[PDB]
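Everything below concerns the one structure shown next.
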Amino acid sequence: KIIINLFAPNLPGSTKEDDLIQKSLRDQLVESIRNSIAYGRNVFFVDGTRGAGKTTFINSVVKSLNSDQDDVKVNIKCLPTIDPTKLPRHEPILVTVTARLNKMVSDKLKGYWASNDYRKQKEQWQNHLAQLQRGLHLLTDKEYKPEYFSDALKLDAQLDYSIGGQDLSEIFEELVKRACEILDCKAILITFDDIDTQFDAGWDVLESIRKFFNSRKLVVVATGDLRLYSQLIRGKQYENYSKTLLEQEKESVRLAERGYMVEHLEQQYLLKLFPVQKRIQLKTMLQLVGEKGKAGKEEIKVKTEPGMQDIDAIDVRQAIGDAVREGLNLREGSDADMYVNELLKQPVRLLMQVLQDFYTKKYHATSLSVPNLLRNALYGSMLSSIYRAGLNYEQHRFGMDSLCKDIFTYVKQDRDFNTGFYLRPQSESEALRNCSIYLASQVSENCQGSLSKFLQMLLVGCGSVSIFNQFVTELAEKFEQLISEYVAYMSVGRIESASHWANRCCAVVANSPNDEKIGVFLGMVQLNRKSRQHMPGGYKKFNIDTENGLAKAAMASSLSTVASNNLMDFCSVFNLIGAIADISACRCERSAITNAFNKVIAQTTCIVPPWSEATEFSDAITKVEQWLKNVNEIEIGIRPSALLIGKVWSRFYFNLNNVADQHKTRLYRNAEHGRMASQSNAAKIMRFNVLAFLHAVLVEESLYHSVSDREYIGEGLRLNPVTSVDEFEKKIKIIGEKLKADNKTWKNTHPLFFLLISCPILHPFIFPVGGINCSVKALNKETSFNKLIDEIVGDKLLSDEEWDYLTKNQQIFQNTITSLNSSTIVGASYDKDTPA
Amino acid sequence: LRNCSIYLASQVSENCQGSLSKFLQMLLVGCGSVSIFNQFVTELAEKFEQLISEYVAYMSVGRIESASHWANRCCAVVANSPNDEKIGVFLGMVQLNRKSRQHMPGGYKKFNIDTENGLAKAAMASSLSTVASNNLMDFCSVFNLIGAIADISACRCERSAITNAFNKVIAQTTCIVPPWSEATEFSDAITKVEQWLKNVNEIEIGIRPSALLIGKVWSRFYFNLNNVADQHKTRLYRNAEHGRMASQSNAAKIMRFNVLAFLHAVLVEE
């Protein structure tokens, strides 16, 4: 039961009483110290996580063993802690200990209890103190002088040095005994700090402990890195080898037995100095509180508000959990606890400062943008990791442009493009998995309350990683040159517009010459720009003028041109998503929408990446105007996350892999009007590519969205709607009934899917003329599928006349694509027929 | 190395103690990754340090999100090794066609997942893996099955975890070839699993596995899969669909002994 008040009048830099978390370990070590004395070298090694309060921990032990003086039978004074790195480069540790031990004795003597014993103790103390000074040359002699033998032959029976000679090990141990007699104790507890930042100075510490600090009345508590001591000890055993021997025996066989001996002297030197049973390991607060399920050794409570009673404080795991789920915008599931578990392995002071920097600023504001509060809390307490990993630390450029560059440079260092855009604390490097929580907060705070930013992170943020992994990385330092070219070409660092990124995506996925050159790529087809001859049936060239308003605009927004050996023309879902993101971030004014609307219609041509070998629309403008009225009032309740955006893309990115594979072998001669499952055309491919986007934003957004507590997909086996809309219709039907039964609304539970399904620009792509499987059994799902979409939006997207043409084998159509199916695809050979 | 061997044996006997999921992950990711490199990647090799780094980075050794995800990478590396006789009957896995092929004798057809029902559909989907080669390839594997068991048994009694464990890899995983490559029914299925997890949560507490047991189970299991992948690739005949005699083999029979190999190896060594 530990109560830690984040609203204490001081920062976590105060190590006050009842303010040390490692109290159980400290008393376990202190008791272990007393047991050894009560019974001749007692060396305790204190090790912990890098950057932990080991210096603070030993400084609590020195205070704990000095606070008690009459309650305990065993009395232990404690020299002030020694820092071997802040000492003169030539002062021996024996001098440093004696210098501090002398002041402890002198201060005790200056108490003036009585003059009867003051003189005797001073007389005897100054005898040993001055005798040690006589023998100090042996520590710092460069050669033996024949006159020191006279000193070694002087005998002082008043001093009682039994072994004989001038032995510094025994002179000091009698000096220590006088100190204990004067101070009325049983131990001295010499304490050392880390030998970091100068680990040459550690050899004096090791040599002094081995020779002078084994006296049954001295306790040593060292701390630091046992790796650093091992490199120190191993280096000295090589110094015991004669230089001539190493120059003459350099072969592998002679060097192996030389190294296999030093690894055996080093092994026993640590065991001699720091015994295994004496080594002390600081418990990280994850081990103090245990796992999520099982209880820990000791329970920790943190006060999240000022004035909370000790019975009102909540657990540290839930204190972090309330900050991770609300900060990273994660549901109360396994992935939210994945960040909490990693955060619990952080240094004790570092994490408790994160909680204070979060809750104190949260309480003051509440008296909101919680992800911004968590990002600020993570920024101050963790800024070293961001600097170490090369991320963007300048807190004035935090935006879409900076984050997407930080995501790509994190995945590059994480060396995992397959799943590096989830921002999960999996990386081995401490700095890298430190930035995972930081970037996750950055993703959740930029994209909060904005549909346009959600689609920008989906494409520029996560998509740029996936595009590189499948289409660019196989061509490859030479790898870093490709990385620099890819980020510069795709402009991940600077996002001019979402559709601008999409246009460069068409040219890079088409870089790889597809086998059989069918002309269908990842989420796109290569519509033919030059009318080729002898096309069976009604396979005419694609003409944008055929489509009317809201259909030509939908086509043009999805059409991109690539300047290659031929002026390649591409229709892709990516250009369609980029159009949605650009339009969604527009002012409600009529004219501002019109300016932004026409940008996607520019039919902009984009150059091949360098690593390669080389009013008519007035109806459409009104509908996209009314749609943005919903977006500007519904998007405020959107709470996306790195996991959500990553999961939505991952299914969507893999969905287009199936569609580009299943449909690449179904472009048959009689597929002018695709009505069977095995018949596919350009309209059908670009319908399921759009339907794939609308599916991943449905199932993966129902699973992972902070606004809704529980899922609505049901206990089903979720697959993707490829070659058939049966599976996409099923989930909408299943979710709708539960929402109706639970008295829930689509906009209040699926804000991301509701806006995109109600967005008019991609509405024609849902039901193209040639993309509807017009069978008997399958079309029954489609009729319900049309009604379910109409029920969600509330407006009948396709009326009876429009729908009756589609199902049953001219009227002017504007809310649907009318000429995509008849278009021919580059390289789509038409010399085969549908099987009978 | 003789000093780390006993220390590592204490690591394996500590993490895997009192758990069934951790035993399978140690068997599949720990022992499994060693054999996969030893027989399917080691032939391409300093060049070894970059091949070792390539293998570890690709398979995310030390970064496993789930054993099922490791199984997907296992399928790619096992498949992409140059195989004689050019049949997709690899070690512990069979490669099923994804595109319809004409002129197929008998009742043979491309594998469709929709025709299954209930628990069979869930288990069949859990054994399905995909790799993004020049063209998509679909595999049915026992390694995918074992990965599912480790993931399902690691969750709690809640139903939502069980259905998410089933829907963990199938439709949201894009496995790319390694850099060294040359190229309601379902409601009752959850009830059966959730009832099984109740047995697991009270039986696995007394499980005390060792690094020798886990190592021995894999060695017999890995050796068994070599025979099932060799004594069956020459038994794919026209009339072998039913497989009622010992001389006929097919996709269902191969995966019958691939799973039976796993269950036998566990029975013998344990």
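In order, the protein sequences belong to chains D and A.
If you count by the entry's author numbering, then the first sequence holds residues 13 to 51, 68 to 395, 411 to 519, 526 to 663, 704 to 898, 907 to 933, one letter each, in order.
If you count by the entry's author numbering, then the second sequence holds residues 475 to 519, 526 to 663, 704 to 790, one letter each, in order.
Ideal placement from N, C-alpha and C gives every residue a C-beta, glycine not left out.
Taken residue by residue, none of the region 576-603 of chain D has a beta-carbon sitting less than 7 Å from a beta-carbon on chain A. If you draw a straight line from the Cα of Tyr481 of chain D to the Cα of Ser424 of chain D, it comes to about 11 Å. Contact annotation: in the region 792-812 of chain D, residues whose CB is within less than 9 Å of a CB in chain A are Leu792, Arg799, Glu800, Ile802, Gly803, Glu804, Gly805, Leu806, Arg807, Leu808 and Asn809. Within the region 598-643 of chain D, complete beta strand (DSSP E) segments of at least 3 residues are found at 608-612 and 616-621, given in chain order.
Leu828 of chain D sits close to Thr834 of chain D, with the two beta carbons spaced by under 8 Å. For the C-beta of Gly492 of chain A, not a single chain D residue is nearer than 9 Å; the gap to the nearest is close to 11 Å. Between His156 of chain D and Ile110 of chain D, the alpha-carbon positions lie close to 22 Å from each other.
The criterion of a C-beta distance shorter than 8 Å is satisfied by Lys712 of chain A and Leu599 of chain A. Interface criterion not met: the Cβ of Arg476 of chain A is under 8 Å from no Cβ in chain D.
Between the C-alpha atoms of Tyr387 of chain D and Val376 of chain D there is a straight-line separation of about 17 Å. With respect to chain A, the C-beta atom of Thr872 of chain D has no partner C-beta closer than 8 Å. Distance from the CA of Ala393 of chain D to the CA of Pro334 of chain D, rounded to the nearest whole angstrom, comes to 14 Å. Here the alpha carbons of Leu164 of chain D and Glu175 of chain D stand approximately 15 Å from one another.
Contact check for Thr921 of chain D against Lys590 of chain D passes: the beta carbons are separated by less than 8 Å.
Sorting D:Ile642, D:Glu722, D:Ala731 and D:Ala474 by C-alpha distance to the C-alpha of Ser707 of chain D places D:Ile642 at the top. Under the DSSP assignment, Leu576 of chain A falls in the beta strand (DSSP E) whose first and last residues are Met573 to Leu576. Straight across, the Cα-Cα distance linking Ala80 of chain D with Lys566 of chain D is about 59 Å. Two segments are said to touch when three or more pairs of C-beta atoms, one from each, lie closer than 8 Å; by this definition the region 767-785 of chain D touches the region 736-745 of chain D. Taking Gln259 of chain D as reference, the option from D:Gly230, D:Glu880 and D:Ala651 with the minimal CA-CA separation is D:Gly230.
Put simply, the CB of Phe227 of chain D is far from chain A, with every gap to its CB atoms at 8 Å or more. Using a CB distance cut-off of 8 Å, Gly542 of chain A counts as an interface residue toward chain D. Contact of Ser495 of chain A with chain D by beta-carbon distance below 9 Å is absent, the smallest such distance being about 13 Å. At the C-beta level, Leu301 of chain D and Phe240 of chain D stay beyond 8 Å of one another. Rounded to whole angstroms, the separation of the alpha carbons of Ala250 of chain D and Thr225 of chain D is 16 Å.
Residue-level contact check: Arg740 of chain D touches chain A, since one or more beta carbons of chain A fall below 8 Å from its beta carbon.
The three-state reading of DSSP puts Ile342 of chain D in strand, counting E and B together. In this structure, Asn778 of chain D keeps its C-beta atom at 8 Å or more from the C-beta atom of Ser813 of chain D.
Under the three-state reduction of DSSP output, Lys773 of chain A falls in the helix class. At least 8 Å separates the CB of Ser509 of chain A from every CB of chain D.
According to the DSSP assignment, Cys655 of chain D belongs to the beta strand (DSSP E) that extends over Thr654 to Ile656. Exposure of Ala127 of chain D is indicated by the presence of fewer than 16 other C-beta atoms within 10 angstroms of its C-beta.
Straight across, the Cα-Cα distance linking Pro659 of chain D with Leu383 of chain D is about 48 Å. The alpha-carbon of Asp444 of chain D is positioned some 12 Å away from that of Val486 of chain D.
Counting along the chain, no alpha helix (DSSP H) covers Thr113 of chain D, and no H or E run does either. Across the structure, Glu326 of chain D and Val317 of chain D are spaced so that their CA atoms are roughly 6 Å apart. Remark: three or more beta-carbon pairs, one from each stretch, lie closer than 8 Å, so the region 203-216 of chain D and the region 144-153 of chain D are flagged as touching.
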